[PDB]
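[1] Partial complex follows, first chain(s) only, in situ:
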Amino acid sequence: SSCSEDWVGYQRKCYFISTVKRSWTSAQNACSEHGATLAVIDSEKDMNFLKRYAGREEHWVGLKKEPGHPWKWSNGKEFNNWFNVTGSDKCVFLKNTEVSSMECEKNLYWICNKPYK
């Protein structure tokens, strides 16, 4: 099986959606304990699936920026800005209707992803 039990496989990545809310950093730490990271979004398909999978509630995904620095993925890779992040905060979240920023310390559900096995 390309993905573990309880994980969702789509476009060569395995996704997990949280059942509890935590800070961005805590969510990132939770994801890392399962070989994953806060959701990295490589394409329009990933984005549409994620907004939909997320649903009405806001969910932390793997994009955040340090003061005076470009957005960086949760796994370190550079962001090519193929999509726009609204708001003026430094951590990115999304839901079925938007992709925006929020204060990183806010407790939100989250979504992790990692490559297929």
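    Cool, the structure landed. Residues are numbered from 1 along each chain as shown, chains lettered A, B, ... in the order given.

[2] any idea how far residue A:65 is from the nearest residue to residue A:8 once chain neighbours are set aside?
    Once flanking residues are discounted, residue A:8 sits nearest to residue A:15: 4.4 Å by C-beta to C-beta, 6 or more residues apart in numbering. (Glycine included, C-beta is placed from N, CA and C.) Distance, residue A:15 to residue A:65, using C-beta to C-beta, to the nearest Å: 23 Å.

[3] When these two are compared, which one has more neighbours?
    Using other C-beta atoms under 10 Å, the more surrounded residue of residue A:15 and residue A:65 is residue A:15, with 20 against 17.

[4] and the gap between the most far-flung residue of chain A relative to its centre and residue A:7?
    Largest separation from the mean C-alpha position in chain A: residue A:1, at 22.8 Å (C-alpha atoms, centre = their mean). Residue A:1 sits at a distance of 9 Å from residue A:7 (criterion: C-beta to C-beta).

[5] Report how many residues lie close to the residue nearest to residue A:55 when sequence neighbours are not counted.
    Using C-beta to C-beta, 6+ apart and skipping residues adjacent in sequence, the residue nearest residue A:55 is residue A:96, 5.6 Å away. For residue A:96, the count of nearby residues is 14 (other C-beta under 10 Å).

[6] Go ahead and add chain B:
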Amino acid sequence: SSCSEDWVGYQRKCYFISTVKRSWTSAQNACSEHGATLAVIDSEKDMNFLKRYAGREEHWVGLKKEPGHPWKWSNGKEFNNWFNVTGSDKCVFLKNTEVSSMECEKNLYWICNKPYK
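    Let me put chain B in with the others:
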């Protein structure tokens, strides 16, 4: 690997969500053209995933009953009634907030599934 390109894998089933609306029957045939069937739901996990994946819009799933007979799955097998179908129609649909019945002739988006490869 477990599911083909553009399908979503979860709890051993591959899912596909429509881009257009159609009658329940037309939906079943479309699913059929891809070796699948209108979404069979065997557990609360399956249901919770389908409802959120479906989103705000109503989507047809694999339950239909012919007057005089009991509900049956899109693939012909018997329904164990582990859950209750509300409303008063012969075709089941679902969305992020509910799962009920509706006139089979209505044109709704749909969701198919099939077993892992």
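
[7] and the neighbour count of residue A:96, now that chain B is in?
    Using other C-beta atoms under 10 Å in any protein chain shown, residue A:96 has 18 other residues around it.

[8] what's the distance between it and residue A:54?
    Note on residue A:96: its distance to residue A:54, by C-beta to C-beta, is 6 Å.

[9] Surely residue A:64 and residue A:89 touch.
    No - using C-beta atoms under 8 Å, residue A:64 is not in contact with residue A:89; the gap is 9.2 Å.

[10] neighbour count winner among these two?
    In this view residue A:64 and residue A:89 are compared by other C-beta under 10 Å, and residue A:64 has more residues nearby, 23 against 17.

[11] returning to what we had before: residues shared between the contacts of residue A:64 and residue A:89?
    Here residue A:64 and residue A:89 have residue A:104 as joint contacts, going by C-beta atoms under 8 Å, 6 or more residues apart in numbering or on different chains.

[12] what's across from residue A:60 in the sheet?
    Judged by DSSP bridges, the bridge partners of residue A:60 are residue A:93, residue A:110.

[13] List the contacts of the residue in chain A that chain B sits nearest to.
    Nearest to chain B in chain A, going by C-beta to the nearest C-beta, is residue A:9, at a distance of 3.6 Å. Going by C-beta under 8 Å, 6+ apart, residue A:9 touches A:2, A:3, A:15, A:116, B:2, B:3, B:8, B:9, B:10.
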